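Residue numbers for the sequence shown, in the UniProt record's numbering: 95 to 222, 224 to 541.
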Amino acid sequence: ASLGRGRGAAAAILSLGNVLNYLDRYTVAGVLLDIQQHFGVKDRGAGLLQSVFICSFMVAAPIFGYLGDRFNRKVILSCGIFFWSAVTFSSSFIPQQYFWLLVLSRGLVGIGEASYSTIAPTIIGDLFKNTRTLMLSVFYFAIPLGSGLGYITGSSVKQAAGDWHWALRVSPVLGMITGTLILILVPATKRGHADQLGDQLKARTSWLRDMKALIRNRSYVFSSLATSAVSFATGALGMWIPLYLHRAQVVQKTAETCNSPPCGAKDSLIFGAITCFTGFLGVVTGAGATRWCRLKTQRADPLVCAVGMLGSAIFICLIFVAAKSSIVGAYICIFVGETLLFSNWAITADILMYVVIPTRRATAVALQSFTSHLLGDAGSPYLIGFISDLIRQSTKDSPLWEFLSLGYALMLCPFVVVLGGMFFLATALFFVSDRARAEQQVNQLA
Ligand SMILES: CCCCCCCCCCCCC/C=C/[C@@H](O)[C@@H](N)COP(=O)(O)O
């Protein structure tokens, strides 16, 4: 029959788990300045944490997908929850003379994180058409809320407690509880995946050969490159914006220097507020623009993406010169650029599913993702830190020069955003032809 409360309890528990996952992910970028001051490292060391975390997630995701494909799922999910909760809790006890060890800790988290985002969504697909679409929408909309909460709790715990260590100790406790219910309240153990009807295999393919066709898809390649550029920009900005804002506030002499008060606390909370509102706002505006423009021409999605990218690049270029005088203009530019940047999220997946044939579709959702991390946020924070260090090395160490060097280094992101917009325009050039070829192939194969 139909399980009464299980299909709702599982969805709610997994949504809470995803929120906690992203909160754990961003709680270390929330308080980066305190880590920098305590461990005595420069910008390169600051970016190394996020770079290592993203690299570990990159490596770990396909292996955990493979493991969850055939082995048990709920035990793997609970083990991952417990593992990164324990690692995060233990990472707060490291002294100030073993900074490298802390970096290693992030890598371990980067493993456990990959055990969730690759396995948690598919369980939803087991349990639910319209209901499945609504659940999946809620599950994916849990992301910006999680990032915002990560920022707010990090900053607020740093302010109230007076020590950044606590910011890494209250997050995983909720994990220790959460996984427990995932082990006792998730209905069933493993269902579905019974596509091998008749015998033990019906359609195994060969992975590589179909991949050989994927390079021949110009629209798919260009869209993947544009997604990689977007990931680069988002990772760099999300890692480095709060520190930039704090330095801009300290050079202008609004508040005192760090460690006399609880340093920068309102900026991170405010930034969490904008990102929390902006995830939803950007998704809504992108969907509405696509819906309106679909009835006027067949190239609505990539042209809309390109226009949004150009606008986001313009506003991201504007904020850097606007932040010198006042901060309200900087926040307004953050808002506008945030919406214009995240307007493309759903449209990217829509065009991906709309171009490539269903049979290879799953493979694309893997490969692109890997590329979306390979040229994106794998080394973007490290690159920004390295450029900032190189600029500051040939100049005297002053707060104003620190802020100016960070701004000049961050100026790289709008160039990449413009490149992504150009790539989306290239996608729009060939989208119709690729769609026609895919339609002909899928119709004539039957
Ligand atoms: C201007 C300030 C910007 C600061 C924003 C940082 C806040 C982070 C919120 C978003 C959290 C990560 C979003 C994930 C993006 C990638 O996974 C997708 N674009 C790639 O997957 P695919 O495209 O294939 O679906």
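For each residue, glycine too, the CB sits at the ideal point set by N, CA and C.
Between which residues of its own chain and residue i is the CB-CB distance below 7 Å, once the five residues before and five after are set aside?
i	result
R99	none
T385	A395, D396, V399 and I442
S172	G274, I277 and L278
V345	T352 and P494
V135	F193
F317	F518, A521 and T522
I247	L364 and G367
Residue i to residue j, Cα distance in whole Å?
i	j	result
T380	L435	9 Å
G359	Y339	11 Å
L469	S323	8 Å
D258	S186	11 Å
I148	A123	13 Å
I175	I213	12 Å
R389	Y449	13 Å
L97	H288	20 Å
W335	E534	44 Å
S407	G245	24 Å
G333	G367	10 Å
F193	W387	52 Å
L278	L292	30 Å
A521	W496	39 Å
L229	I218	11 Å
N112	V402	31 Å
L501	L485	11 Å
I446	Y315	9 Å
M271	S211	18 Å
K491	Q393	55 Å
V451	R304	15 Å
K297	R455	15 Å
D137	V527	45 Å
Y160	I170	12 Å
Name the two residues that bound the continuous alpha helix (DSSP H) containing residue i.
i	result
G257	Unbroken run through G257: none, as it is neither H nor E.
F510	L507 to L540
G406	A395 to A417
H132	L126 to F133
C358	That residue, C358, is in no alpha helix (DSSP H); it is neither H nor E in DSSP.
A425	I422 to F437
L97	Premise fails: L97 is in no alpha helix (DSSP H) and is neither H nor E.
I277	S266 to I279
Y192	Here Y192 belongs to no alpha helix (DSSP H), and DSSP marks it neither H nor E.
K136	That residue, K136, is in no alpha helix (DSSP H); it is neither H nor E in DSSP.
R311	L303 to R311
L221	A214 to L221
Check residue i in the structure and name its three-state DSSP category.
i	result
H341	helix
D294	coil
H468	helix
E351	coil
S475	helix
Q144	helix
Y449	helix
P494	helix
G287	coil
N112	helix
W440	helix
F165	coil
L462	helix
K224	coil
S489	coil
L364	helix
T370	helix
Identify, in the order they occur along the chain, each residue of the same chain with its Cβ nearer than 8 Å to the Cβ of residue i, setting aside the five sequence neighbours on each side.
i	result
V181	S199, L202, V203 and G206
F375	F236 and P239
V378	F236, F437, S438, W440 and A441
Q131	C353 and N354
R342	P494, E497, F498 and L501
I369	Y426, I429, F430 and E433
Which same chain residues end up closer than 6 Å to residue i when comparing Cβ atoms and leaving out the 5 residues on each side of it in sequence?
i	result
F183	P267
residue 550	Missing from the structure shown is residue 550; the chain here goes from 95 to 541 and no further.
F222	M230
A328	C508, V511 and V512
Quick one: is the Cβ of residue i within less than 8 Å of any heavy atom of ligand 3?
i	result
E534	Summarising the ligand content, the structure contains ligand 1 and does not contain ligand 3.
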